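Here's a solo chain for you in structure tokens, the form deposited in one PDB entry.
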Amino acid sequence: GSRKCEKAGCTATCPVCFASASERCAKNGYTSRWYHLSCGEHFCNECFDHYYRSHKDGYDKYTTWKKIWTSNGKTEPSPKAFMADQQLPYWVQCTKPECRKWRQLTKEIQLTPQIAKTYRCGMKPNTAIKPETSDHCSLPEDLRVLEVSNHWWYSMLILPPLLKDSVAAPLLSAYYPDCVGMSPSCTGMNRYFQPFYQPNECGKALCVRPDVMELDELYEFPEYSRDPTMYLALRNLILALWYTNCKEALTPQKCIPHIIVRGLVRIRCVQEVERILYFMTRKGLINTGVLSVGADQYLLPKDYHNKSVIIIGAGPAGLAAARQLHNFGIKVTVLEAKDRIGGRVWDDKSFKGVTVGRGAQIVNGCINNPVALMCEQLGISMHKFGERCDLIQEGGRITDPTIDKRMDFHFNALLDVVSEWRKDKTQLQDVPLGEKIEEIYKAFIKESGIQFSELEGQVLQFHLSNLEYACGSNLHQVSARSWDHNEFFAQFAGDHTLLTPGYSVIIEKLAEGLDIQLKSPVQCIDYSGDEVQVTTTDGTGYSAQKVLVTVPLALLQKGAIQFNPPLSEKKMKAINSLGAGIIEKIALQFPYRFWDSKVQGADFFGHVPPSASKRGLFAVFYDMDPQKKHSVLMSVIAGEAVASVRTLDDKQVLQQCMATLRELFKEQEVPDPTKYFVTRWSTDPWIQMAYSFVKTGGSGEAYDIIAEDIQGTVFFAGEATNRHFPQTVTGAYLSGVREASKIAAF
């Protein structure tokens, strides 16, 4: 006999049994012991025995469940665990907008998504009796509901909730379900969506542990750091639903019917799911990409809306941040120097049946790549590059396998020793990658003296040139220490693809509906007053509480924008420690596909260089039609070769490319090209570059330093502010998403 809960601090003054299993159930009365599940939920010792004791009628149900539990879950099976999983009644919320009260469902009703979707106060099964005229919504809500939102309610919930039939479950079978907030007694998505880490997996980009909270999740929800189970389950559920339907804004309304767990804790679960949703939204994990809203249904609570920002530059970073902030409900104006949007995304659509980027067009690693997500949203297909790239010599001969394999081995071995050499070196000891490679190569011929043929030397030149393409620089200017610094962080895994409709489709959709001022080069930014004043080159003024600069590295280096107060000497040192790399592209349309015989379907072919100085002159040719019907080749100018080309006119560059193509296909006539372009990014005044790299003496840390906001007022995005993902449209886009989150919080 007792009317008191076993649990010190429990706020229940009148414990009732929710089980009502035993014929001798204490109900609201006396029992030898009241078992505490939560502050609103207890069960009597008679019902405990009903399930727990061998001679009692519920022992069969308990032991059946217990065996299942023991071979699925990691957590000890208990009568409490049992009660919470199997016997605790369900709570559901009334669907009427003017009511919205929480109601307990009778002990035998199982909650389903459909019931949650449609429930109304006092809903009974079909009946032939005329319904009473009563109004069930005016019935008073159980007093225990109020208590759930108190911070202390959760601290007195004995066992964390465990979701049933979570959309996230299929993706997480490798884990103990209870360890990721899923019930151990349970049980056509885009192949580029792999949001959850798996056991023994290597690091991959934009991946979360389903069983561990990320740093920012700890920061935002410190009350779940000791007990992450409920948070994890909901976050995992939220990511599962977003990727399941990335074409719509994911809302608490659509998450609710998918939260299925017994007891008052379900109320707490749906309360939290809302906050976790907005957090994941602000951070750019969901409700992002090219999703639009459009026209008055913003993605963050009104609390965020009263604030204004100016974004400088309408490239991928600028538009990503602008898209996010606009979607949040924030006021956004964008100022762009040129007479078009896109920056280093600029597509030529004038070729027959094909789109050719003058700038970016490849996606490097589509797994969890926001470009892949955005293609999904737009219904865009991407062409996965095949592996084969034959090294064709002037003139005509395909480099033999054993020669190819051999020199590949040797080129990569030189990189191995660069890696060995740099291990304990400081910035002051850095040397150019090109110089270091030469140094090791020379000592290699010396120490072993294994002369390579002229051709073997040239094949090696092809690999060196491929590095110059990657860095946008002659190797003599790239840091041996830091050239591949980003690979410290998990990188984008899986396919490289050609973005067949071009990045401009994504660029255009991101910009759709935004206030963008073209031909408005910013000349000065003053963040001395109460808000920032930004002035264009013609004197036009704009003002906002915040400003985001996304202009290219080369323009920061030139100092084309005056900052008042000036940027720190530390920022400037970072800015000048990075290289503004450059490549250029040529694209060529022909009457017919003359390479088809020798190339045989490959997406690209390589060009063995005749000499070191020319190694960057069209090292690789790209077949710009995956369907293999049209006839367009693209190629790249890199390294020492871009300098060799700046005083040449388009016709000359074209003649050299044709000279090359004719050498590569000497076993035939090659038709003249009927259309072409040659890019001049190097001398485009507002761009002046292709992509950043680390100069000798420099550090990956420069990316972080450039990314550092100033006084929570001046923000920075762009490919040269992304340490994990430098250079790319994806890195630039992600840097904009990064900044929009920082700006929305401040």
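Throughout, we count residues from 1 along the sequence that is shown. The term rigid core refers to the maximal set of C-alpha atoms that superpose within 1.5 Å between the two forms.
Note that the form deposited in another entry isn't included here; everything after this is about it.
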{"item": "Of 706, 694, 687, 47, the one whose Cα moves 2 Å or more between this form and the one not shown after core superposition", "value": "47"}
{"item": "Rigid-core frame, C-alpha of residue 15, shift of 2 angstroms or more between this form and the one not shown", "value": "yes"}
{"item": "Is_shifted residue 737 between this form and the one not shown (CA, 2 Å cut-off, rigid core)", "value": "no"}
